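Right, one structure below, let's go through it.
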Amino acid sequence: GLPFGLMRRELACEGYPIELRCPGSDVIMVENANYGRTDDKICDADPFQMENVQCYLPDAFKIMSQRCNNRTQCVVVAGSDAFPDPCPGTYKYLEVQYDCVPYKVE
Ligand SMILES: *[C@@H]1O[C@H](CO)[C@@H](O)[C@H](O)[C@H]1NC(C)=O
Ligand SMILES: C[C@@H]1O[C@@H](O)[C@H](O)[C@H](O)[C@H]1O
């Protein structure tokens, strides 16, 4: 298990495509995800866009959930029309935590 061997997670800088992939024949199951900015050390951008570390967008979860739920892999633009606009002027990001489960029982 090269990774943490438990719960997968990806993060991407606003405006770029993000890609999720589940091992074997498992499928991605979005648990939690957000679009915005809650840290200033992620996606190194201009200081002015990195100043506000308080931006949340709950609905971002529904978007990724619908796009990656029950799928082995999914690609989405961490911005553009694919994500609303909660804090315009800040360099956001998209964080998604998910797990991979069998497409069937056991
Ligand atoms: C995923 O598949 C399971 C199969 O039982 C289903 O219950 C669930 O609603 C599906 N979710 C989505 C988003 O398709
Ligand atoms: C800093 C950047 O500014 C605009 O492009 C948008 O508001 C975008 O969501 C934000 O991340």
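Following the order of the structure tokens, first chain is A, next is B, and so on, with residues numbered from 1 inside each chain and ligands from 1 in the order they appear.
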If you run DSSP on the backbone here, which positions in chain A get strand (DSSP E or B)? Please write them as a PyMOL selection string. chain A and resi 8-13+17-21+26-37+55+71+73-77+93-102
Dump of N, CA and C atoms for the selected residues, as a CSV table (one decimal), in the first residue's frame:
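Once written, part24.csv looks like this:
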chain,number,residue,atom,x,y,z
A,8,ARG,N,-9.1,7.9,0.4
A,8,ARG,CA,-8.3,8.6,-0.6
A,8,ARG,C,-8.7,10.1,-0.6
A,9,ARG,N,-7.8,11.0,-1.0
A,9,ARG,CA,-8.0,12.4,-1.1
A,9,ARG,C,-7.2,13.1,-2.1
A,10,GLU,N,-7.8,14.1,-2.8
A,10,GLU,CA,-7.1,14.9,-3.8
A,10,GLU,C,-7.5,16.3,-3.6
A,11,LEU,N,-6.5,17.2,-4.0
A,11,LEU,CA,-6.7,18.6,-3.9
A,11,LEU,C,-6.2,19.3,-5.2
A,12,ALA,N,-6.9,20.3,-5.7
A,12,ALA,CA,-6.4,20.9,-6.9
A,12,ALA,C,-6.7,22.4,-6.9
A,13,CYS,N,-5.8,23.2,-7.5
A,13,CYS,CA,-5.9,24.6,-7.6
A,13,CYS,C,-7.0,25.1,-8.5
A,17,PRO,N,-8.2,21.0,-14.0
A,17,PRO,CA,-8.9,19.7,-13.9
A,17,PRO,C,-8.3,18.8,-12.7
A,18,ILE,N,-9.2,18.1,-12.1
A,18,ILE,CA,-8.8,17.2,-11.0
A,18,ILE,C,-9.2,15.8,-11.4
A,19,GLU,N,-8.4,14.8,-11.1
A,19,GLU,CA,-8.7,13.5,-11.5
A,19,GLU,C,-8.7,12.5,-10.3
A,20,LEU,N,-9.7,11.7,-10.2
A,20,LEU,CA,-9.8,10.7,-9.1
A,20,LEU,C,-9.8,9.3,-9.8
A,21,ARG,N,-9.2,8.3,-9.1
A,21,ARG,CA,-9.2,7.0,-9.6
A,21,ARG,C,-9.2,6.0,-8.5
A,26,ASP,N,-13.1,-1.1,-7.9
A,26,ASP,CA,-13.8,-0.4,-6.9
A,26,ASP,C,-14.4,0.9,-7.5
A,27,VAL,N,-15.3,1.6,-6.8
A,27,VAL,CA,-15.9,2.8,-7.3
A,27,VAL,C,-15.7,3.9,-6.3
A,28,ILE,N,-15.5,5.1,-6.8
A,28,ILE,CA,-15.3,6.3,-5.9
A,28,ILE,C,-16.6,6.7,-5.2
A,29,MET,N,-16.5,7.0,-3.9
A,29,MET,CA,-17.6,7.4,-3.1
A,29,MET,C,-17.3,8.6,-2.3
A,30,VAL,N,-17.7,9.8,-2.9
A,30,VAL,CA,-17.4,11.1,-2.2
A,30,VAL,C,-18.1,11.2,-0.9
A,31,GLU,N,-17.2,11.5,0.1
A,31,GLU,CA,-17.7,11.6,1.5
A,31,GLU,C,-17.8,13.1,1.9
A,32,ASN,N,-16.7,13.8,1.6
A,32,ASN,CA,-16.7,15.2,1.9
A,32,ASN,C,-15.9,16.0,0.9
A,33,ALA,N,-16.3,17.2,0.6
A,33,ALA,CA,-15.5,18.0,-0.4
A,33,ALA,C,-15.9,19.5,-0.3
A,34,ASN,N,-15.0,20.4,-0.7
A,34,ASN,CA,-15.4,21.8,-0.6
A,34,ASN,C,-14.6,22.6,-1.7
A,35,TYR,N,-15.2,23.7,-2.1
A,35,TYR,CA,-14.5,24.6,-3.1
A,35,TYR,C,-14.4,26.0,-2.4
A,36,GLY,N,-13.2,26.5,-2.4
A,36,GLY,CA,-13.0,27.8,-1.7
A,36,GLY,C,-11.5,27.9,-1.3
A,37,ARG,N,-11.3,28.5,0.0
A,37,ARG,CA,-10.0,28.7,0.5
A,37,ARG,C,-10.0,28.7,2.0
A,55,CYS,N,-13.2,30.6,3.2
A,55,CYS,CA,-14.1,30.6,2.2
A,55,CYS,C,-14.6,29.2,2.0
A,71,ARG,N,-18.4,5.9,-9.6
A,71,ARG,CA,-17.5,5.9,-10.8
A,71,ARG,C,-16.1,5.5,-10.3
A,73,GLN,N,-13.5,6.5,-11.9
A,73,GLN,CA,-12.6,7.6,-12.0
A,73,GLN,C,-13.5,8.8,-12.5
A,74,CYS,N,-13.0,10.0,-12.2
A,74,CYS,CA,-13.8,11.2,-12.7
A,74,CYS,C,-12.9,12.4,-12.8
A,75,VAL,N,-13.0,13.2,-13.9
A,75,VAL,CA,-12.3,14.4,-14.1
A,75,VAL,C,-13.2,15.6,-14.1
A,76,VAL,N,-12.8,16.6,-13.3
A,76,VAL,CA,-13.6,17.9,-13.2
A,76,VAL,C,-12.7,19.1,-13.1
A,77,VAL,N,-13.2,20.2,-13.6
A,77,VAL,CA,-12.5,21.5,-13.6
A,77,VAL,C,-12.7,22.1,-12.2
A,93,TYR,N,-9.5,26.5,-4.2
A,93,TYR,CA,-9.1,25.2,-4.4
A,93,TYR,C,-10.3,24.2,-4.2
A,94,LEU,N,-10.1,23.0,-4.5
A,94,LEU,CA,-11.1,22.0,-4.3
A,94,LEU,C,-10.5,20.8,-3.6
A,95,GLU,N,-11.1,20.5,-2.4
A,95,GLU,CA,-10.6,19.3,-1.7
A,95,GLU,C,-11.6,18.3,-1.6
A,96,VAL,N,-11.3,17.0,-1.9
A,96,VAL,CA,-12.3,16.0,-1.9
A,96,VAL,C,-11.8,14.7,-1.2
A,97,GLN,N,-12.5,14.2,-0.2
A,97,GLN,CA,-12.1,13.0,0.5
A,97,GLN,C,-13.1,11.9,0.1
A,98,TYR,N,-12.7,10.8,-0.3
A,98,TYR,CA,-13.5,9.7,-0.8
A,98,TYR,C,-12.9,8.3,-0.6
A,99,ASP,N,-13.7,7.3,-0.7
A,99,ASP,CA,-13.3,5.9,-0.5
A,99,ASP,C,-13.7,5.1,-1.7
A,100,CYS,N,-13.0,4.0,-1.9
A,100,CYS,CA,-13.3,3.1,-3.0
A,100,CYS,C,-13.9,1.8,-2.5
A,101,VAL,N,-15.1,1.5,-3.0
A,101,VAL,CA,-15.8,0.3,-2.6
A,101,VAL,C,-16.2,-0.6,-3.8
A,102,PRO,N,-16.4,-1.9,-3.6
A,102,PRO,CA,-16.8,-2.8,-4.7
A,102,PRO,C,-18.1,-2.4,-5.4
Near-ligand residues for ligand 1, threshold 7 Å, only C-alpha atoms and all ligand atoms, as a PyMOL selection string: chain A and resi 65-66+69-70
With DSSP run on the backbone, what are the helix (DSSP H, G or I) residues within chain A? I'd like them as a PyMOL selection string. chain A and resi 47-50+59-68+80-82
Requested write-out: N, CA and C atoms of the selected residues, as a PDB file, in the first residue's frame:
ATOM      1  N   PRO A  47      -0.121  36.777  -2.932  1.00  0.00           N
ATOM      2  CA  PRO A  47      -0.448  36.995  -1.497  1.00  0.00           C
ATOM      3  C   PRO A  47      -1.847  37.558  -1.297  1.00  0.00           C
ATOM      4  N   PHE A  48      -2.259  38.444  -2.194  1.00  0.00           N
ATOM      5  CA  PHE A  48      -3.577  39.059  -2.095  1.00  0.00           C
ATOM      6  C   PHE A  48      -4.690  38.028  -2.241  1.00  0.00           C
ATOM      7  N   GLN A  49      -4.462  37.018  -3.070  1.00  0.00           N
ATOM      8  CA  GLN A  49      -5.462  35.976  -3.265  1.00  0.00           C
ATOM      9  C   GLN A  49      -5.289  34.893  -2.208  1.00  0.00           C
ATOM     10  N   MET A  50      -4.180  34.969  -1.484  1.00  0.00           N
ATOM     11  CA  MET A  50      -3.886  33.989  -0.450  1.00  0.00           C
ATOM     12  C   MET A  50      -4.177  34.538   0.947  1.00  0.00           C
ATOM     13  N   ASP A  59     -22.156  23.272  -1.309  1.00  0.00           N
ATOM     14  CA  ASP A  59     -22.674  22.700  -2.545  1.00  0.00           C
ATOM     15  C   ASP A  59     -21.572  22.051  -3.375  1.00  0.00           C
ATOM     16  N   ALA A  60     -20.334  22.477  -3.177  1.00  0.00           N
ATOM     17  CA  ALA A  60     -19.231  21.903  -3.932  1.00  0.00           C
ATOM     18  C   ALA A  60     -19.222  20.382  -3.774  1.00  0.00           C
ATOM     19  N   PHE A  61     -19.654  19.918  -2.602  1.00  0.00           N
ATOM     20  CA  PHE A  61     -19.712  18.489  -2.309  1.00  0.00           C
ATOM     21  C   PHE A  61     -20.699  17.760  -3.214  1.00  0.00           C
ATOM     22  N   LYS A  62     -21.858  18.367  -3.422  1.00  0.00           N
ATOM     23  CA  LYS A  62     -22.886  17.746  -4.246  1.00  0.00           C
ATOM     24  C   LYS A  62     -22.392  17.603  -5.679  1.00  0.00           C
ATOM     25  N   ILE A  63     -21.661  18.608  -6.153  1.00  0.00           N
ATOM     26  CA  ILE A  63     -21.130  18.584  -7.511  1.00  0.00           C
ATOM     27  C   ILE A  63     -20.187  17.404  -7.715  1.00  0.00           C
ATOM     28  N   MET A  64     -19.207  17.272  -6.831  1.00  0.00           N
ATOM     29  CA  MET A  64     -18.239  16.191  -6.943  1.00  0.00           C
ATOM     30  C   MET A  64     -18.890  14.845  -6.671  1.00  0.00           C
ATOM     31  N   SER A  65     -19.829  14.828  -5.739  1.00  0.00           N
ATOM     32  CA  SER A  65     -20.514  13.598  -5.397  1.00  0.00           C
ATOM     33  C   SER A  65     -21.246  13.033  -6.609  1.00  0.00           C
ATOM     34  N   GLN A  66     -21.977  13.891  -7.303  1.00  0.00           N
ATOM     35  CA  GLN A  66     -22.716  13.480  -8.489  1.00  0.00           C
ATOM     36  C   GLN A  66     -21.771  13.075  -9.623  1.00  0.00           C
ATOM     37  N   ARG A  67     -20.658  13.791  -9.728  1.00  0.00           N
ATOM     38  CA  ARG A  67     -19.679  13.542 -10.788  1.00  0.00           C
ATOM     39  C   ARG A  67     -18.796  12.312 -10.543  1.00  0.00           C
ATOM     40  N   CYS A  68     -18.480  12.010  -9.285  1.00  0.00           N
ATOM     41  CA  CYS A  68     -17.590  10.880  -9.006  1.00  0.00           C
ATOM     42  C   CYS A  68     -18.284   9.699  -8.322  1.00  0.00           C
ATOM     43  N   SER A  80     -14.148  27.324 -13.131  1.00  0.00           N
ATOM     44  CA  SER A  80     -15.019  27.685 -14.243  1.00  0.00           C
ATOM     45  C   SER A  80     -16.487  27.507 -13.870  1.00  0.00           C
ATOM     46  N   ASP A  81     -17.312  27.297 -14.887  1.00  0.00           N
ATOM     47  CA  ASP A  81     -18.749  27.127 -14.706  1.00  0.00           C
ATOM     48  C   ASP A  81     -19.060  25.881 -13.880  1.00  0.00           C
ATOM     49  N   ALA A  82     -18.039  25.069 -13.624  1.00  0.00           N
ATOM     50  CA  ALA A  82     -18.238  23.836 -12.871  1.00  0.00           C
ATOM     51  C   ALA A  82     -18.352  24.105 -11.373  1.00  0.00           C
TER      52      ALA A  82
END
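Neighbouring residues of ligand 2 at a cut-off of 7 Å, counting only C-alpha atoms and all ligand atoms, are residues 14, 49, 79, 85, 87, 88, 89, 90, 91 and 92 of chain A.
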Restrict the selected residues to N, CA and C atoms and save them as an mmCIF file, in the first residue's frame.
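Now in result_18.cif:
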data_model
loop_
_atom_site.group_PDB
_atom_site.id
_atom_site.type_symbol
_atom_site.label_atom_id
_atom_site.label_comp_id
_atom_site.auth_asym_id
_atom_site.auth_seq_id
_atom_site.Cartn_x
_atom_site.Cartn_y
_atom_site.Cartn_z
ATOM 1 N N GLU A 14 -7.842 26.032 -8.024
ATOM 2 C CA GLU A 14 -8.968 26.518 -8.811
ATOM 3 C C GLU A 14 -8.594 26.773 -10.271
ATOM 4 N N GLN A 49 -4.462 37.018 -3.070
ATOM 5 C CA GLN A 49 -5.462 35.976 -3.265
ATOM 6 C C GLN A 49 -5.289 34.893 -2.208
ATOM 7 N N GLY A 79 -13.023 24.681 -11.096
ATOM 8 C CA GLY A 79 -13.442 26.076 -11.189
ATOM 9 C C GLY A 79 -14.438 26.314 -12.317
ATOM 10 N N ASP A 85 -19.458 30.772 -7.346
ATOM 11 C CA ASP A 85 -18.498 31.807 -6.968
ATOM 12 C C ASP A 85 -18.792 32.321 -5.561
ATOM 13 N N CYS A 87 -16.232 33.290 -3.096
ATOM 14 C CA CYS A 87 -15.324 34.380 -2.736
ATOM 15 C C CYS A 87 -14.516 34.856 -3.950
ATOM 16 N N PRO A 88 -15.120 35.636 -4.810
ATOM 17 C CA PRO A 88 -14.428 36.150 -6.021
ATOM 18 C C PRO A 88 -13.239 37.035 -5.660
ATOM 19 N N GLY A 89 -12.094 36.774 -6.289
ATOM 20 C CA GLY A 89 -10.893 37.560 -6.025
ATOM 21 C C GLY A 89 -9.859 36.791 -5.195
ATOM 22 N N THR A 90 -10.215 35.599 -4.711
ATOM 23 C CA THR A 90 -9.286 34.790 -3.921
ATOM 24 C C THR A 90 -8.910 33.532 -4.711
ATOM 25 N N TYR A 91 -7.682 33.022 -4.547
ATOM 26 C CA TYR A 91 -7.291 31.806 -5.269
ATOM 27 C C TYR A 91 -7.733 30.593 -4.464
ATOM 28 N N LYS A 92 -8.865 30.047 -4.858
ATOM 29 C CA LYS A 92 -9.462 28.912 -4.174
ATOM 30 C C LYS A 92 -8.775 27.575 -4.478
#
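Neighbouring residues of residue A:54 at 7 Å or closer, counting only C-alpha atoms and skipping chain neighbours under 2 positions away, are residues 37, 38, 52 and 56 of chain A.
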Output the selection as a compact mmCIF listing (two decimals), in the first residue's frame - N, CA and C atoms for each residue.
# COMPACT_ATOMS: atom_id res chain seq x y z
N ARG A 37 -11.34 28.48 -0.05
CA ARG A 37 -10.00 28.67 0.50
C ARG A 37 -10.04 28.73 2.03
N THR A 38 -9.39 27.75 2.66
CA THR A 38 -9.35 27.68 4.12
C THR A 38 -7.91 27.62 4.61
N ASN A 52 -7.15 35.73 2.38
CA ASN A 52 -8.34 35.18 3.03
C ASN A 52 -8.33 33.65 3.08
N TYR A 56 -15.94 28.97 2.18
CA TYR A 56 -16.50 27.63 2.09
C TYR A 56 -17.65 27.58 1.08
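Taking atom CA of residue A:2 as the reference point, atom CA of residue A:22 is found at 13.8 Å.
One finds atom CA of residue A:25 at 7.0 Å from atom CA of residue A:103.
If you look at atom CA of residue A:23 and atom CA of residue A:57, they are 28.5 Å away from each other.
With distances restricted to only C-alpha atoms, A:83 is the closest residue to residue A:58 from A:46, A:83, A:72, A:39.
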